[PDB]
């Protein structure tokens, strides 16, 4: 009753058209870049996104950057994206939702998708936006944000 568990990080969606409130979100976690690594480069980005999108996630979070083009494709697939997340926060999110941090998108498996967190809500507190991943199925998987 008088308590709240979950992860809180200082981040916002990369693009304003993205959903900031998602119930039972399917979460994909990466530690790799979604930027070129212009015609052959543009095709590269397309395929990177295609591999993520095949898994029908609601949220894609990476420790690196996301180019304006990758953001666009994910946006078209109704996917909320968050970039430049600290490695420690990414692991906190992995524990909370049961996702597996993956490097190469083409190696993604349905087993890597996190479905253990019931809420993803991004809201403004003061001057900044905070991302909350709450409603953990495994109570133990999340730390306490509020105790009466």
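Positions refer to the first chain, counted from 1.
Between residue 37 and residue 38, what class does the number of missing deposited residues fall in: none, 1 to 3, 4 to 9, or 10 or more?
Gap between residue 37 and residue 38: 10 or more unmodelled residues.
Report the stretch with the higher mean CA temperature factor, choosing between 44-52 and 57-65 on the basis of the entry.
If you average the C-alpha B-factors of 44-52 and of 57-65, the larger mean comes out for 44-52.
Mean Cα B factor from the PDB record: higher for 28-36, or higher for 86-94?
28-36 has the higher mean C-alpha B-factor.
Among the modelled residues of this chain, does the Cα B factor of residue 121 put it in the lowest, middle or highest third?
According to the entry, residue 121 has a C-alpha B-factor in the chain's lowest third.
Where does the C-alpha B-factor of residue 127 rank in its chain, lowest, middle or highest third?
Its C-alpha B-factor, which the entry lists for residue 127, ranks in the middle third among residues of this chain.
Pull the Cα B-factor of residue 136 out of the PDB entry and bin it into the chain's lowest, middle or highest third.
Residue 136: CA B-factor falls in the highest third of its chain.
Would you mind checking where the Cα B-factor of residue 23 ranks among the modelled residues of its chain, as the lowest, middle or highest third?
It falls in the middle third of the chain.
Compared with the other modelled residues in the chain, in which third is the CA B-factor of residue 107?
According to the entry, residue 107 has a C-alpha B-factor in the chain's highest third.
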